[PDB]
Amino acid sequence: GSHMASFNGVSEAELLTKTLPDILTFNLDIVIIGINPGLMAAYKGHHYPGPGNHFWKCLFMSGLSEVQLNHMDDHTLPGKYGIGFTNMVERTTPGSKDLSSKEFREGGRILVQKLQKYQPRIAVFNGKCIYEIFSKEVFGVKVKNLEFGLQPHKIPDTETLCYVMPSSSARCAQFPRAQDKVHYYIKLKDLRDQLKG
């Protein structure tokens, strides 16, 4: 059975009109770029609340957070950990498959402007799909075998690096557990520690 009970009598139609505000400041070490808000994120008004989403679990397992945090802690992340949040696409949908190419490319244009303003040390793409679109649109680059981790391009007119991880969503069968994704959060922590020294 489905988990519509977790929406506590709020309809899907109402959730589809909701947005998730960005959590951005200057001098951030990391900005997590999600695809777009999912239904639970639009419902809560906080990043990655999906009970199954691996984000908060991987941030703890990797040592990026010293305690197990949850979505309610997302506003504390810039000050305490140097981490911020944004999304490629603003619109709420149940899945990444409901977004058109035009929406992603409009998202990309808005995103590169936000990155050129805030200039985090590292732009982290939480999903391979959004970086494939970003790269083609911003760097004019399309490689046959896009890989995860550090990308060879910096955000134009900045020193901000691009780093790609598999989506924290548990919809992804290729990295079925938070354990299968934690390697990338550890390498992100190692890349951050290296930049800060």
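Numbers follow the displayed sequence, beginning with 1. Rigid core here is just the name for the largest C-alpha set that superposes within 1.5 Å across the two forms.
Out of 26-34 and 143-151, which shows the greater rigid core-aligned C-alpha deviation in 6 other deposited structures of this protein?
-> Checking 26-34 against 143-151 in 6 other deposited structures of this protein, I find the farther stretch is 143-151.
Looking at C-alpha RMS in 6 other deposited structures of this protein with the core superposed, is it 48-56 or 161-169 that drifts more?
-> Looking at 161-169 and 48-56 in 6 other deposited structures of this protein, the bigger mover is 48-56.
Higher mean Cα B-factor in the deposited model: 163-171 or 58-66?
-> Comparing 163-171 with 58-66, the higher mean C-alpha B-factor belongs to 58-66.
Is the mean CA B factor in the deposited entry higher across 7-15 or across 183-191?
-> Per the deposited B-factors, the answer is 7-15.
Highest CA temperature factor in the entry: which of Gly149, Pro156, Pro49, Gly45?
-> Among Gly149, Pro156, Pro49, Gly45, the PDB entry lists the largest C-alpha B-factor for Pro156.
Options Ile122, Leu99, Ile83, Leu111 - largest CA temperature factor per the record = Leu99 has the highest C-alpha B-factor of those listed.
Mind checking which third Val143 falls in for C-alpha B-factor across the chain?
-> Tercile = highest for this residue's CA B-factor.
Among modelled residues of the same chain, the CA temperature factor third for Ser135 = Middle third by C-alpha B-factor.
Just say lowest, middle or highest third for the CA B-factor of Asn126 relative to the other modelled residues in its chain.
-> Lowest third of the chain for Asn126's C-alpha B-factor.
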